[PDB]
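A short write-up of the structure that comes next.
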Amino acid sequence: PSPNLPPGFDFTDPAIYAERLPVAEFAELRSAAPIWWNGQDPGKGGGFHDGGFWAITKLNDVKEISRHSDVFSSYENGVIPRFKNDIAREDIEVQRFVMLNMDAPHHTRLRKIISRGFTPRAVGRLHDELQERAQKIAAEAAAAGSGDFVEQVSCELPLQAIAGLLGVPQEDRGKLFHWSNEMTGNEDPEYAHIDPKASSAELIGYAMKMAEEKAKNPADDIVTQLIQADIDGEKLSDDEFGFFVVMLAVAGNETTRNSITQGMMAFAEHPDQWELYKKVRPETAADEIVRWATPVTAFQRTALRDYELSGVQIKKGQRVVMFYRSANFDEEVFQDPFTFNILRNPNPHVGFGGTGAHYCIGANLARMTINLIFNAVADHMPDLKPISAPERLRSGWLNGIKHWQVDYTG
Ligand code: HEM
Ligand SMILES: O=C(NCCN1CCOCC1)c1ccc(Cc2ccncc2)cc1
Ligand SMILES: [Cl-]
């Protein structure tokens, strides 16, 4: 029995996500075809011209793919499964210069080096400044009376976390945030004029200057740890540091932002959970917010060899797309997946990916950012009420909220 889906339905179609999350359609796949060939017509593959991909809708399958990086490659086609339909292949392949889109051994070396900058100690060192900034952000928003929650509450703290972790001087944080904002969303009419190429080039230029500077003047950020050689001589070259900064500027911005906005939309829809949150401030809330928000709807891999996955024969060269948005609501794994439960524990969501070589190195920074902002929102605008519907982002792989007017005072 084929799944009950519109003909030609494409789970990476940005026009879907500009309007809604295709929740019923994912549930239909989990029930009727949990691994399903998602065909794509010529010219309508979001930059990929291979006729389609396998949709992976079950959490255990997402985990199996993520564990078997020796078979399922990030490098061959990158992990983003949708660009503009006319993107040039060469512009896909430049994604291979960042860790995210690298296979072992190149990935292994870089991840080892980069891990020096995401130690528990490094991230914990940011806690107090980010807590102060969260309080001020929420205080300033509450003072404005009403406004765009996305811009006045969700946007700033993730960017300040990247700035603090890298040690970007305050006067440069405006340009850092601009470069970060120019790298995402170019398929949405609101961002049709952003130039991700120019911004990445400018950011690499900035980052290599910083690398050269912080090498002369060792400062207690992660940068020194990254560009000073270890016993084996291992370190990021200046351009590798630049590629890392580009990666972090993209990774550390919109996904956490959209977690915050959709977490508050969930609280607005589930007032008992919001009352419980305000009273107890459970940090398990962060992971339920990430599960509920699944800010990365999907990442892909490419099979390097034939591989049988839950009874389906995957062929060498085919893409598989891990729909984290489906896996995070998998009825076989979660009890009442469509209940928003901020006490859910354990919460084995794949919002940060499946465990494996490419598991999100920023997961605990994101969780901290989320816990700190919602504490500040509870402290300063406990009674906020939405004014109108969120405006969703046109993207085939990011679950984004562009705008959401709320009354911070109720
Ligand atoms: C709620 C926010 C976030 C979400 C939903 C998220 C999601 C993910 C996912 C799903 C992956 C898996 C990649 C794969 O298997 O192909 C990943 C990896 C990654 N994340 Fe995040 N992430 C978030 C925040 C962050 C932050 C704040 C940072 C950095 C400051 C970050 C940096 C990275 C990096 C560098 C990787 C790639 C690691 C590697 O290839 O070894 N992420 N993230
Ligand atoms: O840097 C990323 N692409 C490569 C960018 N090029 C680098 C060099 O040439 C110019 C451009 C990238 C792509 C997607 C994400 C999404 C994400 C969010 C949170 N966690 C993990 C992943 C982040 C970074
Ligand atoms: Cl559960």
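Scheme for the structure tokens: letters A, B, ... for chains in order shown; per-chain residue numbers from 1; ligand numbers from 1 in order shown.
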Per residue of chain A within 9 Å of ligand 2, note the shortest atom pair and the distance in Å to one decimal, counting only C-alpha atoms and all ligand atoms, and order the rows by chain and increasing residue number, as a tab-separated table.
```
residue	atom	partner	partner_atom_place_in_ligand_line	distance
A:78	CA	ligand 2	3 (N)	8.6
A:79	CA	ligand 2	14 (C)	7.7
A:80	CA	ligand 2	14 (C)	6.6
A:91	CA	ligand 2	10 (C)	8.1
A:92	CA	ligand 2	4 (C)	8.6
A:93	CA	ligand 2	9 (O)	8.9
A:94	CA	ligand 2	9 (O)	5.2
A:95	CA	ligand 2	4 (C)	4.1
A:96	CA	ligand 2	4 (C)	7.0
A:97	CA	ligand 2	8 (C)	5.6
A:98	CA	ligand 2	4 (C)	5.7
A:99	CA	ligand 2	1 (O)	8.1
A:100	CA	ligand 2	12 (C)	6.9
A:101	CA	ligand 2	3 (N)	7.6
A:183	CA	ligand 2	11 (C)	7.8
A:184	CA	ligand 2	14 (C)	8.5
A:196	CA	ligand 2	11 (C)	7.1
A:197	CA	ligand 2	10 (C)	6.1
A:198	CA	ligand 2	10 (C)	8.7
A:199	CA	ligand 2	10 (C)	8.3
A:200	CA	ligand 2	10 (C)	5.0
A:201	CA	ligand 2	10 (C)	6.9
A:204	CA	ligand 2	8 (C)	8.1
A:242	CA	ligand 2	8 (C)	8.4
A:243	CA	ligand 2	8 (C)	5.6
A:244	CA	ligand 2	1 (O)	7.5
A:245	CA	ligand 2	1 (O)	8.2
A:246	CA	ligand 2	1 (O)	5.4
A:247	CA	ligand 2	1 (O)	3.3
A:248	CA	ligand 2	24 (C)	6.3
A:249	CA	ligand 2	24 (C)	7.3
A:250	CA	ligand 2	24 (C)	4.6
A:251	CA	ligand 2	18 (C)	3.5
A:252	CA	ligand 2	19 (C)	6.0
A:253	CA	ligand 2	18 (C)	7.5
A:254	CA	ligand 2	18 (C)	7.3
A:255	CA	ligand 2	18 (C)	5.6
A:256	CA	ligand 2	19 (C)	7.8
A:295	CA	ligand 2	18 (C)	8.1
A:296	CA	ligand 2	18 (C)	7.0
A:299	CA	ligand 2	22 (C)	8.8
A:352	CA	ligand 2	20 (N)	7.2
A:353	CA	ligand 2	21 (C)	8.5
A:358	CA	ligand 2	21 (C)	8.9
A:359	CA	ligand 2	21 (C)	8.6
A:360	CA	ligand 2	20 (N)	6.0
A:361	CA	ligand 2	20 (N)	8.0
A:362	CA	ligand 2	20 (N)	7.0
A:363	CA	ligand 2	20 (N)	8.3
A:398	CA	ligand 2	16 (C)	8.2
```
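Once only C-alpha atoms and all ligand atoms are used for the distance check, the residues close to ligand 3 at 8 Å turn out to be residues 333, 334, 335, 336, 337, 344, 345, 346, 347 and 348 of chain A.
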Using only C-alpha atoms, the residue out of A:133, A:82, A:116, A:49 with shortest distance to residue 236 in chain A is A:116
Worksheet item: Using only C-alpha atoms and all ligand atoms, which of A:33, A:166, A:366, A:314 sits nearest ligand 1?
Response: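 Going through A:33, A:166, A:366, A:314 one by one, the smallest distance to ligand 1 is for A:366.
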CA of residue 48 in chain A sits from CA of residue 85 in chain A at a separation of 7.9 Å
Please extract the residues of range 185-396 of chain A with a backbone DSSP assignment of alpha helix (DSSP H) and present them as a short mmCIF file (atom, residue, chain, number, x, y, z; two decimals) with N, CA and C atoms, in the first residue's frame.
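Final file, part.cif:
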```
data_model
loop_
_atom_site.label_atom_id
_atom_site.label_comp_id
_atom_site.auth_asym_id
_atom_site.auth_seq_id
_atom_site.Cartn_x
_atom_site.Cartn_y
_atom_site.Cartn_z
N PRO A 196 25.25 34.95 0.43
CA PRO A 196 26.05 34.09 1.32
C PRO A 196 27.48 33.98 0.87
N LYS A 197 27.75 34.13 -0.43
CA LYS A 197 29.11 34.01 -0.93
C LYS A 197 29.97 35.15 -0.42
N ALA A 198 29.48 36.38 -0.57
CA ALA A 198 30.23 37.54 -0.12
C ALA A 198 30.42 37.51 1.39
N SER A 199 29.39 37.13 2.13
CA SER A 199 29.53 37.12 3.58
C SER A 199 30.52 36.08 4.04
N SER A 200 30.46 34.87 3.48
CA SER A 200 31.42 33.87 3.90
C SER A 200 32.84 34.32 3.59
N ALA A 201 33.03 34.98 2.44
CA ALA A 201 34.36 35.47 2.09
C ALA A 201 34.82 36.56 3.05
N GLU A 202 33.93 37.48 3.39
CA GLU A 202 34.29 38.52 4.35
C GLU A 202 34.56 37.93 5.73
N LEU A 203 33.78 36.92 6.12
CA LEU A 203 33.98 36.35 7.45
C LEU A 203 35.29 35.58 7.52
N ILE A 204 35.61 34.80 6.49
CA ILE A 204 36.92 34.14 6.45
C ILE A 204 38.04 35.18 6.55
N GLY A 205 37.93 36.28 5.81
CA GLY A 205 38.94 37.33 5.92
C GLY A 205 39.06 37.86 7.33
N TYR A 206 37.92 38.14 7.96
CA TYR A 206 37.93 38.59 9.35
C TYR A 206 38.55 37.53 10.26
N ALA A 207 38.17 36.26 10.06
CA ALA A 207 38.61 35.21 10.98
C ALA A 207 40.10 34.94 10.84
N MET A 208 40.64 35.01 9.62
CA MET A 208 42.09 34.80 9.51
C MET A 208 42.86 35.95 10.14
N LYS A 209 42.34 37.17 10.05
CA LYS A 209 42.96 38.27 10.78
C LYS A 209 42.94 37.99 12.28
N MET A 210 41.80 37.54 12.79
CA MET A 210 41.72 37.21 14.21
C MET A 210 42.72 36.11 14.57
N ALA A 211 42.81 35.07 13.74
CA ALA A 211 43.76 33.99 14.01
C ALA A 211 45.17 34.52 14.14
N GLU A 212 45.58 35.36 13.19
CA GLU A 212 46.92 35.92 13.21
C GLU A 212 47.11 36.80 14.44
N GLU A 213 46.07 37.54 14.82
CA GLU A 213 46.17 38.43 15.98
C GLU A 213 46.23 37.65 17.28
N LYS A 214 45.32 36.69 17.47
CA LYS A 214 45.29 35.97 18.73
C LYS A 214 46.49 35.06 18.89
N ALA A 215 47.17 34.73 17.79
CA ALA A 215 48.43 33.99 17.88
C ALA A 215 49.52 34.85 18.52
N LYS A 216 49.57 36.14 18.15
CA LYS A 216 50.52 37.05 18.77
C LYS A 216 50.17 37.31 20.23
N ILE A 222 38.58 30.20 22.89
CA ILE A 222 38.99 28.94 22.30
C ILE A 222 40.00 29.14 21.18
N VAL A 223 40.13 30.36 20.65
CA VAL A 223 40.93 30.55 19.44
C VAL A 223 42.37 30.11 19.67
N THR A 224 42.95 30.50 20.81
CA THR A 224 44.33 30.11 21.10
C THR A 224 44.46 28.59 21.12
N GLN A 225 43.55 27.91 21.81
CA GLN A 225 43.56 26.46 21.82
C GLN A 225 43.53 25.89 20.41
N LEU A 226 42.85 26.57 19.49
CA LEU A 226 42.65 26.01 18.15
C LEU A 226 43.88 26.18 17.27
N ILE A 227 44.61 27.28 17.42
CA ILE A 227 45.67 27.62 16.49
C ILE A 227 47.06 27.44 17.09
N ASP A 238 45.32 29.01 9.60
CA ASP A 238 44.50 30.21 9.65
C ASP A 238 43.25 30.07 8.77
N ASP A 239 43.38 29.46 7.59
CA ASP A 239 42.20 29.32 6.73
C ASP A 239 41.24 28.28 7.29
N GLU A 240 41.78 27.21 7.89
CA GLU A 240 40.93 26.25 8.60
C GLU A 240 40.17 26.92 9.72
N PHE A 241 40.83 27.82 10.46
CA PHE A 241 40.12 28.59 11.47
C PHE A 241 39.02 29.41 10.82
N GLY A 242 39.31 30.01 9.67
CA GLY A 242 38.28 30.77 8.99
C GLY A 242 37.09 29.92 8.61
N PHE A 243 37.34 28.72 8.07
CA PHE A 243 36.25 27.82 7.73
C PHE A 243 35.48 27.39 8.97
N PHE A 244 36.18 27.19 10.08
CA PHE A 244 35.52 26.89 11.34
C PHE A 244 34.62 28.04 11.79
N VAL A 245 35.11 29.28 11.69
CA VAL A 245 34.29 30.41 12.11
C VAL A 245 33.06 30.52 11.22
N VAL A 246 33.22 30.34 9.91
CA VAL A 246 32.05 30.34 9.04
C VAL A 246 31.05 29.30 9.50
N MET A 247 31.53 28.07 9.76
CA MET A 247 30.65 27.00 10.21
C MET A 247 29.93 27.38 11.50
N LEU A 248 30.67 27.93 12.46
CA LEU A 248 30.05 28.29 13.73
C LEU A 248 29.07 29.43 13.59
N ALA A 249 29.40 30.44 12.77
CA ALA A 249 28.48 31.55 12.56
C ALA A 249 27.15 31.06 12.01
N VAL A 250 27.17 30.07 11.13
CA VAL A 250 25.92 29.52 10.64
C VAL A 250 25.29 28.61 11.69
N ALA A 251 26.07 27.69 12.26
CA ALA A 251 25.49 26.70 13.16
C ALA A 251 24.93 27.34 14.43
N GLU A 254 20.65 30.46 13.70
CA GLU A 254 19.22 30.31 13.47
C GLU A 254 18.63 29.08 14.16
N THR A 255 19.36 27.97 14.24
CA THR A 255 18.78 26.79 14.90
C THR A 255 18.43 27.06 16.36
N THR A 256 19.31 27.73 17.11
CA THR A 256 18.96 28.04 18.49
C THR A 256 17.86 29.08 18.54
N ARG A 257 17.95 30.09 17.69
CA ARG A 257 16.90 31.09 17.61
C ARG A 257 15.54 30.44 17.42
N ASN A 258 15.43 29.56 16.42
CA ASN A 258 14.15 28.92 16.13
C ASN A 258 13.73 27.96 17.24
N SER A 259 14.66 27.36 17.97
CA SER A 259 14.30 26.62 19.18
C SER A 259 13.59 27.53 20.17
N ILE A 260 14.12 28.73 20.37
CA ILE A 260 13.52 29.64 21.35
C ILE A 260 12.12 30.05 20.91
N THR A 261 11.98 30.52 19.67
CA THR A 261 10.66 30.95 19.21
C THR A 261 9.66 29.81 19.28
N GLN A 262 10.03 28.62 18.78
CA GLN A 262 9.04 27.56 18.78
C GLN A 262 8.82 27.00 20.18
N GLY A 263 9.79 27.10 21.06
CA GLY A 263 9.54 26.72 22.45
C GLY A 263 8.49 27.62 23.07
N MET A 264 8.56 28.92 22.78
CA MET A 264 7.58 29.82 23.36
C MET A 264 6.22 29.65 22.69
N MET A 265 6.19 29.36 21.40
CA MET A 265 4.91 29.01 20.77
C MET A 265 4.32 27.78 21.43
N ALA A 266 5.16 26.80 21.76
CA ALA A 266 4.65 25.61 22.43
C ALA A 266 4.11 25.96 23.81
N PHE A 267 4.82 26.82 24.54
CA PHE A 267 4.31 27.26 25.84
C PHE A 267 3.00 28.03 25.70
N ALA A 268 2.88 28.86 24.66
CA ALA A 268 1.63 29.58 24.44
C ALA A 268 0.48 28.62 24.15
N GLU A 269 0.77 27.49 23.51
CA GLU A 269 -0.24 26.51 23.17
C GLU A 269 -0.53 25.54 24.31
N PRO A 271 -0.56 25.93 28.14
CA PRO A 271 -0.35 26.81 29.30
C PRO A 271 -0.02 26.07 30.58
N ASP A 272 -0.47 24.82 30.74
CA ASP A 272 -0.10 24.07 31.94
C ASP A 272 1.40 23.84 31.97
N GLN A 273 2.00 23.60 30.80
CA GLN A 273 3.45 23.43 30.76
C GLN A 273 4.15 24.74 31.08
N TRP A 274 3.61 25.86 30.61
CA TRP A 274 4.22 27.16 30.91
C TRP A 274 4.11 27.48 32.40
N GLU A 275 2.96 27.21 33.01
CA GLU A 275 2.84 27.42 34.45
C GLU A 275 3.82 26.54 35.21
N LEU A 276 3.94 25.27 34.79
CA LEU A 276 4.90 24.38 35.42
C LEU A 276 6.32 24.90 35.23
N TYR A 277 6.63 25.37 34.02
CA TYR A 277 7.98 25.88 33.76
C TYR A 277 8.29 27.05 34.68
N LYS A 278 7.39 28.04 34.71
CA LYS A 278 7.65 29.24 35.50
C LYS A 278 7.90 28.89 36.95
N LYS A 279 7.23 27.86 37.45
CA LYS A 279 7.33 27.51 38.86
C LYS A 279 8.59 26.71 39.16
N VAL A 280 8.93 25.74 38.32
CA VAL A 280 10.01 24.81 38.61
C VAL A 280 11.28 25.08 37.80
N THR A 284 15.19 20.10 31.84
CA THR A 284 14.70 19.15 30.83
C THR A 284 13.86 19.85 29.78
N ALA A 285 13.36 21.06 30.10
CA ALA A 285 12.61 21.84 29.13
C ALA A 285 13.41 22.06 27.85
N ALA A 286 14.71 22.31 27.97
CA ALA A 286 15.49 22.63 26.77
C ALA A 286 15.41 21.51 25.76
N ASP A 287 15.56 20.27 26.20
CA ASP A 287 15.54 19.17 25.25
C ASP A 287 14.15 18.93 24.69
N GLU A 288 13.09 19.15 25.49
CA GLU A 288 11.75 19.01 24.94
C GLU A 288 11.47 20.11 23.93
N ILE A 289 12.03 21.29 24.18
CA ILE A 289 11.90 22.39 23.24
C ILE A 289 12.61 22.06 21.93
N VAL A 290 13.81 21.48 22.01
CA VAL A 290 14.52 21.11 20.80
C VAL A 290 13.82 19.97 20.06
N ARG A 291 13.35 18.95 20.78
CA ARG A 291 12.54 17.91 20.15
C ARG A 291 11.33 18.51 19.44
N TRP A 292 10.60 19.40 20.13
CA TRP A 292 9.39 19.97 19.57
C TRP A 292 9.70 20.88 18.38
N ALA A 293 10.79 21.64 18.48
CA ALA A 293 11.17 22.60 17.44
C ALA A 293 11.89 21.95 16.26
N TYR A 324 14.67 14.36 10.85
CA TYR A 324 14.64 14.48 12.30
C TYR A 324 13.26 14.90 12.78
N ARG A 325 12.54 15.67 11.96
CA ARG A 325 11.19 16.09 12.30
C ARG A 325 10.26 14.90 12.40
N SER A 326 10.49 13.86 11.61
CA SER A 326 9.69 12.66 11.77
C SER A 326 10.18 11.79 12.93
N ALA A 327 11.50 11.58 13.01
CA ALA A 327 12.08 10.72 14.03
C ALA A 327 11.81 11.23 15.45
N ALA A 363 25.73 21.11 21.24
CA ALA A 363 24.46 20.76 21.87
C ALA A 363 24.35 21.38 23.27
N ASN A 364 25.40 21.30 24.06
CA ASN A 364 25.26 21.80 25.41
C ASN A 364 25.30 23.32 25.46
N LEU A 365 26.00 23.97 24.53
CA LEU A 365 25.90 25.43 24.42
C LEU A 365 24.48 25.86 24.06
N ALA A 366 23.85 25.16 23.11
CA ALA A 366 22.48 25.46 22.73
C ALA A 366 21.51 25.26 23.89
N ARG A 367 21.64 24.14 24.62
CA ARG A 367 20.78 23.89 25.76
C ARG A 367 20.93 24.97 26.84
N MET A 368 22.16 25.33 27.16
CA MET A 368 22.38 26.44 28.08
C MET A 368 21.73 27.74 27.59
N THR A 369 21.92 28.07 26.32
CA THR A 369 21.33 29.29 25.79
C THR A 369 19.83 29.27 25.98
N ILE A 370 19.22 28.12 25.72
CA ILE A 370 17.77 27.97 25.80
C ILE A 370 17.31 28.11 27.24
N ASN A 371 17.99 27.43 28.16
CA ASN A 371 17.58 27.48 29.56
C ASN A 371 17.72 28.89 30.11
N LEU A 372 18.78 29.58 29.73
CA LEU A 372 18.98 30.93 30.24
C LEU A 372 17.94 31.90 29.71
N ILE A 373 17.58 31.81 28.42
CA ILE A 373 16.61 32.77 27.88
C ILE A 373 15.21 32.50 28.43
N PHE A 374 14.82 31.24 28.59
CA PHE A 374 13.46 30.99 29.11
C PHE A 374 13.33 31.33 30.60
N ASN A 375 14.40 31.17 31.37
CA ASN A 375 14.42 31.71 32.73
C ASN A 375 14.20 33.22 32.71
N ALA A 376 14.90 33.93 31.81
CA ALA A 376 14.74 35.38 31.72
C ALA A 376 13.34 35.75 31.24
N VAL A 377 12.79 34.99 30.29
CA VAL A 377 11.42 35.23 29.84
C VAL A 377 10.44 34.99 30.99
N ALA A 378 10.68 33.95 31.79
CA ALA A 378 9.82 33.73 32.94
C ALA A 378 10.00 34.83 33.97
N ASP A 379 11.22 35.35 34.11
CA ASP A 379 11.43 36.40 35.10
C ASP A 379 10.79 37.71 34.69
N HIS A 380 10.80 38.04 33.40
CA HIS A 380 10.44 39.39 32.99
C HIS A 380 9.13 39.52 32.24
#
```
